[PDB]
Structure formats: structure tokens, C-alpha cells
Amino acid sequence: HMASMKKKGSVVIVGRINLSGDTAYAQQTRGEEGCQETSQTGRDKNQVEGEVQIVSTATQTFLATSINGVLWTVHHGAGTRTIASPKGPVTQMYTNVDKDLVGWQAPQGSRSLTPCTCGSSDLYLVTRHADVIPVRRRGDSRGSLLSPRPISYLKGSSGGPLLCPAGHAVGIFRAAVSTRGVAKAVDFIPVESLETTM
Ligand SMILES: CC(C)(C)OC(=O)N[C@H]1CCCCC/C=C\[C@@H]2C[C@@]2(C(=O)NS(=O)(=O)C2CC2)NC(=O)[C@@H]2C[C@@H](OC(=O)n3cc4cccc(F)c4c3)CN2C1=O
Ligand SMILES: [Zn+2]
């Protein structure tokens, strides 16, 4: 009934994939109890850094990537949820279920990737465990893993980036193409779609 209807919580930044140095590693910035509280209030005063965030809802965890001043992720993780911020919940500025894409204004302190203009097909996928996986681009929205992996290895990495050799954003990881539980290829949202959305 009306008076007791609940609201979904906010997406919460719980960590980041550190790519700044010579070693890529995942960093946690908030534990599970703090995550749950922050999702409910939508108020997150933690400092944000970096290009790739680890994000969570009450039920899922995935990645989000800043490109051109927007923190982008997948709709199948975020839905229409707000993101927690120092001043309270922030509404999505982009939502496109057809592309599986959402975005919010990038948090203060984040750094953004630049869309790739290289026209090159040797790519790198960054996972939530900070693995950097070589991917050969095979079409507008597909690339093949040079070394196939069980889907377990990729689960929770949607929203993360595919990058070119120079570290530009080429796309956002969306789905794994798997046969018998092995991912031989990935599907991604090309950066040009994000640029058109903007
Ligand atoms: C499309 C094709 C070729 C048929 O393949 C697949 O449908 N395959 C599956 C294999 C699933 C097994 C796990 C694979 C491991 C990791 C996957 C990356 C990942 C993930 O980590 N999510 S998450 O755990 O972070 C999660 C917490 C956020 N995404 C998924 O599971 C997505 C979600 C879902 O797809 C979609 O809702 N759409 C909506 C779309 C709209 C437009 C175009 C698209 F393609 C769309 C795909 C099925 N998904 C796959 O990948
Ligand atoms: Zn490039």
C-alpha cells in the first residue's frame, strides 16, 4: 500500500581500479556495512579518485568508467538508480535501456578517459580484479579474447573499459560471448555511442 512503499537505494562507489602506476590493482574504499548505509542515504563523503570505479547496489557489484566528464555504467547493473554523492543522491543524466547504458555527472576527484580516435583494433579490457586482458577488435561492438577465460573471471566487470594501446576509451564492457561457460569474446558499447548520447 502507498504509505509503506520502499525506494531503491543508490549506487555506491566502493573502490577503484588503480591504473596510475606500473601496476594495476583493485582498491577497496568502503566495506559492506558502510556500503549498505550509503546506499540508503545516498550520502557518500568519501574521496573519489581515478578513472574506473567499483560500484555496488544492495544486490550487485560491477564497474563504472569516467569518459568526458560522465561516469558511465551498464543499465543491467544500475537500473534507473541515483548515485550516492557528498550532497546526497544524484539522478542519472543519461539512461538508455536499448544500449544497456547509463551515466551520471562524474564525481569530483575522478579523472576521465578520452575517447579513442586511433582507429586501431588492438584493445585491452580492464576487469574488477585489475586484470588487463588483451582483446582483438572484431566488429563495431565485439572483440575476441586472445586467451579465453571462464565467465566467472569476467562476472562483475560490466561497466569497465576497453582501452586502446595509448589508453584512450574504446568502449564499455557489456556482455560476454560464451560457449559452455567459456568466454571467447566480449560485447561492448562503443565509445562513439556514448559520444552521440552526449
Ligand atoms: C549479448 C549476448 C552476446 C547474447 O551475450 C550475453 O547476453 N551474455 C551474457 C552472459 C552472462 C554470463 C556472465 C558473463 C560474465 C560477465 C558479463 C559482463 C557482464 C557482467 O559482468 N555483468 S555483472 O555481473 O557486472 C552485472 C552486475 C551487473 N554482463 C552480463 O552478465 C550481461 C547481462 C545480460 O545482458 C544484458 O542485460 N544485455 C542488455 C543488452 C542491450 C544491448 C546489447 C546487449 F548485448 C545487451 C546484453 C546477460 N549478460 C551477459 O554477459
Ligand atoms: Zn586511441
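Whatever order the structure lists them in is the order used to number ligands and atoms, beginning at 1. Start at 1 with the first residue, then count along the sequence. Scope of the values below: all heavy atoms of this structure, side chains included, with no hydrogens, waters or symmetry mates.
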Run the numbers for me: atoms of ligand 1, each under 4.0 Å from some heavy atom of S157, listed by number. 21 (O), 25 (O)

Assess the side chains of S39 and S10: does a donor N or O sit below 3.5 Å from an acceptor N or O? no

Would one find an N or O of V177, backbone or side chain, under 3.5 Å from an N or O of ligand 1? no

Atoms of ligand 1 close to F173 [distance to a heavy atom under 4.0 angstrom, numbered from 1]: 18 (C)

May I ask you to check if ligand 1 and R142 share an N or O to N or O distance below 3.5 Å? no

Within a distance of under 4.0 Å, is there any protein heavy atom near atom 35 (O) of ligand 1? no

Give the atoms of ligand 1, by number and element, whose distance to some non-hydrogen atom of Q60 is under 4.0 Å. 27 (C)

Nearest protein heavy atom to atom 23 (S) of ligand 1, by residue and atom, and its distance? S158 OG, 3.4 Å

Between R174 and ligand 1, is there a nitrogen or oxygen pair with a distance under 3.5 Å? yes

Short list, please: which atoms of ligand 1 are under 4.0 Å from a heavy atom of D98? 41 (C), 42 (C)

Polar contact flag for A176 and ligand 1 (N/O pairs, less than 3.5 Å): yes

Sorted by chain and residue number, which protein N/O/S atoms are under 2.8 Å from the Zn ion (ligand 2)? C116 SG, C118 SG, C164 SG, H168 ND1

